[PDB]
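Every number in this text was worked out from the coordinates using simple rules, so none of it is lab data. Cβ placement follows ideal geometry from the backbone for every residue including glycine, while neighbour counts extend to all protein chains displayed.
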Ligand SMILES: *[C@@]([C])(=O)[C][C][C]([C])[C]([C])[C@@]1([C])[C][C][C]2[C]([C]([O])[C][C]3[C][C]([O])[C][C][C@@]32[C])[C]1[C]
Ligand SMILES: *[C@@]([C])(=O)[C][C][C]([C])[C]([C])[C@@]1([C])[C][C][C]2[C]([C]([O])[C][C]3[C][C]([O])[C][C][C@@]32[C])[C]1[C]
């Protein structure tokens, strides 16, 4: 289960925040992909192709598939799990894309939430991955994106049929249930106020109401030196302890890492639970030229970065997305 | 306001943490006090003196009085808030140890909760509480002491009469009401189970229940690299958001920093709500010799640190405790 | 705000329960209407007409409009307030019916939930009443009906467009919000269980979850001597104290009366808060012949009935429904 | 289990009600006892005797011992449950008044809480608790007494030591834990406000909070016709559903009947969960003369009544209290 929230500050101040929780280690890493690069939405299926128009920084999943990142044009994307997401019924002859690269496609071809919604509602392809290949627990997610202007759009495939809700009023997103209900739930908690009562359980829906109430009670300021820690605080509030385990639940999904993107100033921020220090990357201080080279920022070996870990950027081989089932 | 809890792990692993919530800036700092330092419990009233037994690292608040820290013997003490507090009735005439140095006196002259339990129950000195009318809240608090053995003790002068609670079970504590109630109220939610319901509200009791439930659920492991993060994680959870304001409730005490101690290894980790990195100080690499010098680690000007901030210490003169209500801002 | 719940007992055991709460006195009464009677869906508007096919007993509203009742064929109807119910936008040339008689129409022309749904989805008319005529607080409701078989159908007009949900799994109904959300809310409370935690507030949505969990934990028995009090208990649980008043809320809507219908055995049950005793009426012990006469069962003057208040039935003039705005 | 609360209205209006929840049938009944009836606090142990001062209407449980009632002086007493109860420590040798007649002895020999407060604090007699191993829960309860003046008192033998709480504020009481905690826990929800949140759960504390909040919100009126229904309304609210069963929690104590008293007018209203009408008995129309005769109003066979059930009383012999653990069913 994961959550993501977006802050709408004065003077185009847009800062997004995404959570990462998983049962075991995620082995995620940060890769930087300049523009002018082509990719295939799938390797063993009929698929579409494109050409990376913008550079961006994203967080990987075991070095297999992107699930969060921010592009040059202050636009951030995030994939959160949704236990009731189906992408297509039989009879789909469209170019089958794979859920592993769904994220990467959008960031490489979009810079404004408006434009992204347009091409998506064409359903020009079906994006899928086989079920429980590695005996995994679940394998179904939904994505959220936001531009440096403050507009956001939640996307979910309802048993094959896409389901999208666009607008700036929608700035938080958890796992389950369906958003229309996920939001309807909050209607009840808002009347009971947040101060006089606030549910502290860890269920997917519970994490939603908390973020909603706090992300508004936060100070309405356009400055960037303060909003960043403010966004992370609620991320820490919504974040859950690591290594939890009760008699009923033998193993649990713990808070592994979180991400925040200063979409107004184009600065991505990333933190790991088992790390003491906080680092960041300034996209404006990054050469996304067509021929700049792929520099990786590894985190598996437990490296400890901090500050502007741009000097620590090392040229590395872009992780190969996985559409097979092994 | 704040919230404190203690973790009890195998292999003598006992990690304690603390939270700090304030409506404005605390302007806290950090100072070092080698052993063998005489001190007076007050500058103008009849109070005892002493010479620091064990060197102690303490975190200051406004550079007037220590609010939390440690000493040379895995003895971590913290001072939280409590409105319904009364230290003495009209007529008390004992030595009135100012509240500003009460904690420091403890860390200085104690290394085990059992000892402090004794010297405390002697009821030798009163507690001096200054009163101020211009934007100042009267001093009404309580304290908690934990030993590297894992034994904890709660102290609170309830309506002029002090009540102490010792034991290893007693590991969590928050603002109000009195622990006699807070502990029992929590037992209610215990029935409900944390997985199913938990008062996520920022209120005192709400935080107490959440900390109590999670502190057990966290991993019980003897390794420090794992238990420490598992601790601060609940610290951030119990910690309320930063700078919350509502039209009805305009100002609210917001979190300003968190403190964690590895009493099993004598380490102190510190982070601020406005400081991204997490620095620490290895007490073992310290020298508390009587003539080692008072060392300060300023933070008023917003200095930034990370890792082990041993090299970045600068000797300075001891701060000045506050025993009498300030005349004005 | 009002609530209604339906019990599905073994061997076609169907018993419905409806709540009544209002700010001040309701001045309601119980009228019996045999079959073979004609009515007009509105007096000053183009309207449809029919001929009462079955007899039934209903509870009136100030002696102006029916809001609850049970027919011969063990089918019960109930109108509950819904603050977000609109019945038609401009351009409605259909026979305008009035919200006051909407209830009476269904009971007089239906005996099975299936048949009722059919004719309703024709939208052959618009049923409306002018807004705040007597300075009233609100004036928008939704209806729930159930046959002696156990099938129920909730109905709500979404800004003119009807909204219906049919099935036996839907046996409880409160005021707000919309049902699709009103039910989605319960999804959260069911996971938290009812025993280990149950919200006791009085808001419309809160009253829903309580009834849902209890109406299932109740014993699954086909006997009728016990299920009746069981249904009323939750009605008492969902029922709220009378004359409540805090500093914030100066006057409140108190629990005035409740109703339960033994749809399997065709027996209607009614209780008033300010009355000590409980009475009932056995439809099977009632002559709904075309020419039987209208016998009223008054309750305004605070009469105190009990037991089988059929002997207390007195021939009276059927209350005239109100479509005007005075 | 059960739950009790007291309403305080102007013009000396004080209406008290009670709830009864049991896993099976209580087989309760009703009996009348005119004044001037000698009684012994036990049949086989050393116990005091007495002669009933004030006639008292009591509701029996299994026709063995009174669980609630009243006397000739607007003095309504009730007996609720409490697991963590201890009446005396090993070695007590005082008069051991059986728990079955403790209540009756009170109503018989008292007319004001102040008096009972005195005679009770004398600590003259112990409490006899029988122990049974076959489907029987050991007797562990507490009591509450209210006077027509509106003053209430809570009594509970906590770990062999009795603790009393008197006053007009103390009007609500439930199962567990001890009122010292139950009262304070409720103060928590008080913060949350009843309109915004209320633990609708059937648990002991949940019911206590709901009753406390609503009992104030109900109409404060001097007329009986209005206050009485406003009372029983909260009684039904606090009352848990009937015959609840879950696969995990199979059997649960369900509500069986509710009792209300108009202490200002000396009336007793009674209803059963399986009885639709609400009958009552006007104590004023009663004769408790010493030789008036013990009168019973049976309910085992499920008789049905309504209105004022004065005419439908049938004289019978007094029931038999239980002082010793029954040999078997
Ligand atoms: C959140 C919680 O905000 C995003 C979570 C995403 C990154 C993960 C849930 C995801 C998609 C990553 C990869 C794994 C997914 C499934 O659990 C199936 C596999 C499980 C295996 O343990 C690792 C690789 C898979 C593909 C997983 C939910
Ligand atoms: C429930 C709560 O289950 C059914 C409630 C129905 C019977 C009432 C809400 C209703 C329709 C009855 C009549 C009155 C309605 C409005 O409040 C507008 C008027 C108010 C006035 O005080 C009495 C007559 C009106 C038509 C009312 C909601």
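Return yes or no: is residue B:35 in a loop (DSSP other than H, G, I, E, B) and either in contact (Cβ under 8 Å) with a residue 60 or more places away in the chain or within 21 Å of residue B:173 (Cα to Cα) (or both)? When the stated conditions are applied, residue B:35 passes them. Considering only segment B:227-251, state which residues are assigned to a helix (DSSP H, G or I), out of contact with any helix residue (DSSP H, G or I) (no Cβ under 7 Å at 6 or more places or on another chain) and more than 8 Å from chain A (Cβ to nearest Cβ). If the condition is that a residue be assigned to a helix (DSSP H, G or I), out of contact with any helix residue (DSSP H, G or I) (no Cβ under 7 Å at 6 or more places or on another chain) and more than 8 Å from chain A (Cβ to nearest Cβ), then B:227, B:228, B:231, B:232, B:235 are the ones that fit.
Condition check ((1) away from ligand 1 (no atom under 16 Å from the Cβ); (2) surrounded by fewer than 24 Cβ atoms within 10 Å (Cβ to Cβ); (3) under 27 Å from residue A:251 (Cβ atoms); (4) without any contact (Cβ under 8 Å) to a residue 12 or more places away in the chain) across all residues:
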{"position": "A:1", "(1), (2), (3), (4)": "no, yes, yes, no"}
{"position": "A:6", "(1), (2), (3), (4)": "no, no, no, no"}
{"position": "A:13", "(1), (2), (3), (4)": "yes, yes, no, no"}
{"position": "A:20", "(1), (2), (3), (4)": "no, no, yes, no"}
{"position": "A:31", "(1), (2), (3), (4)": "no, yes, no, no"}
{"position": "A:39", "(1), (2), (3), (4)": "yes, yes, no, no"}
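The residues on offer are C:25, C:21, and the sole one that is within 14 Å of another protein chain (Cβ to nearest Cβ), more than 9 Å from ligand 2 (Cβ to nearest atom) and farther than 22 Å from residue C:111 by Cβ is C:25. Going by what's in this entry, would residue A:205 be described as within 14 Å of chain B (Cβ to nearest Cβ), assigned to a helix (DSSP H, G or I) and more than 16 Å from ligand 1 (Cβ to nearest atom)? No. Within segment A:141-200, the set of residues being over 30 Å from residue A:88 (Cα atoms) and within 14 Å of chain B (Cβ to nearest Cβ) comprises A:189, A:190, A:192, A:193, A:194, A:195, A:196, A:197, A:198, A:199, A:200.
Picking from residues in segment A:208-219 that are touching a strand residue (DSSP E or B) at 6+ places or on another chain (Cβ under 8 Å) and more than 9 Å from every other protein chain (Cβ to nearest Cβ), the one that is nearest to residue B:192 (Cα to Cα) is A:208.
Listed here are the strands (runs of 3 or more DSSP E) enclosed by segment A:227-295 that have at least 2 residues being under 28 Å from residue B:279 (Cα atoms), more than 16 Å from ligand 1 (Cβ to nearest atom) and within 9 Å of chain B (Cβ to nearest Cβ): A:279-282.
With the condition kept exactly as written, say whether any residue in segment D:136-143 is under 27 Å from residue D:94 (Cα atoms) and at the interface with another protein chain (Cβ under 10 Å from one of its Cβ atoms).
As a first pass, look at segment D:136-143 and keep what is under 27 Å from residue D:94 (Cα atoms): D:136-143.
This time we only want the ones that are at the interface with another protein chain (Cβ under 10 Å from one of its Cβ atoms), so: none.
Within segment D:136-143, not a single residue is under 27 Å from residue D:94 (Cα atoms) and at the interface with another protein chain (Cβ under 10 Å from one of its Cβ atoms).
Of the residues making up segment B:157-166, one or more are within 14 Å of chain D (Cβ to nearest Cβ), in contact (Cβ under 8 Å) with a residue 60 or more places away in the chain and more than 18 Å from residue B:118 (Cα to Cα). The strands (runs of 3 or more DSSP E) found wholly in segment A:126-183 include none carrying at least 1 residues that are within 15 Å of ligand 1 (Cβ to nearest atom), surrounded by 14 or more Cβ atoms within 10 Å (Cβ to Cβ) and free of Cβ contacts under 8 Å to residues at least 12 places away in the same chain. In this structure, is residue C:90 away from ligand 1 (no atom under 16 Å from the Cβ), outside any helix (DSSP H, G or I), within 14 Å of another protein chain (Cβ to nearest Cβ) and out of contact with any helix residue (DSSP H, G or I) (no Cβ under 8 Å at 6 or more places or on another chain)? Considered against the rule, which asks whether it is away from ligand 1 (no atom under 16 Å from the Cβ), outside any helix (DSSP H, G or I), within 14 Å of another protein chain (Cβ to nearest Cβ) and out of contact with any helix residue (DSSP H, G or I) (no Cβ under 8 Å at 6 or more places or on another chain), residue C:90 comes out as no.
Scanning segment A:128-149 for residues that are within 27 Å of residue A:10 (Cβ to Cβ) and touching a strand residue (DSSP E or B) at 6+ places or on another chain (Cβ under 6 Å), we see that the one that is farthest from ligand 2 (Cβ to nearest atom) is A:148. Residue count for segment B:92-118 under the criterion of being part of a helix (DSSP H, G or I) and out of contact with any helix residue (DSSP H, G or I) (no Cβ under 9 Å at 6 or more places or on another chain): the result is 11. Condition (residue is touching a residue at least 40 places away in the same chain (Cβ under 8 Å), surrounded by fewer than 17 Cβ atoms within 10 Å (Cβ to Cβ), away from ligand 1 (no atom under 16 Å from the Cβ) and under 13 Å from residue A:166 (Cβ atoms)) applied to segment A:97-112: is it met by at least one residue? Within segment A:97-112, not a single residue is touching a residue at least 40 places away in the same chain (Cβ under 8 Å), surrounded by fewer than 17 Cβ atoms within 10 Å (Cβ to Cβ), away from ligand 1 (no atom under 16 Å from the Cβ) and under 13 Å from residue A:166 (Cβ atoms). For segment B:190-212, the set of residues classified as in a helix (DSSP H, G or I), over 21 Å from the mean Cα position of the chain (by Cα) and at the interface with another protein chain (Cβ under 9 Å from one of its Cβ atoms) consists of B:191, B:192, listed by residue number.
Each residue in segment D:214-226 was checked for being more than 7 Å from chain C (Cβ to nearest Cβ) and buried (at least 23 other Cβ atoms within 10 Å of the Cβ), and 0 pass.
Does residue B:71 count as part of a loop (DSSP other than H, G, I, E, B) and touching a helix residue (DSSP H, G or I) at 6+ places or on another chain (Cβ under 6 Å)? Yes.
The set of residues from segment A:6-32 being over 10 Å from the mean Cα position of the chain (by Cα) and over 21 Å from residue A:299 (Cα atoms) comprises A:6, A:7, A:8, A:9, A:10, A:11, A:12, A:13, A:14, A:15.
Restricting to segment C:299-312, name every residue that is away from chain D (no Cβ under 14 Å) and crowded, with 17+ Cβ neighbours inside 10 Å. Within segment C:299-312, C:299 is the sole residue that qualifies. Residues in segment C:43-84 that are in a loop (DSSP other than H, G, I, E, B) and within 15 Å of ligand 2 (Cβ to nearest atom) were compared, and the one that is nearest to the chain's Cα centre (by Cα) is C:82.
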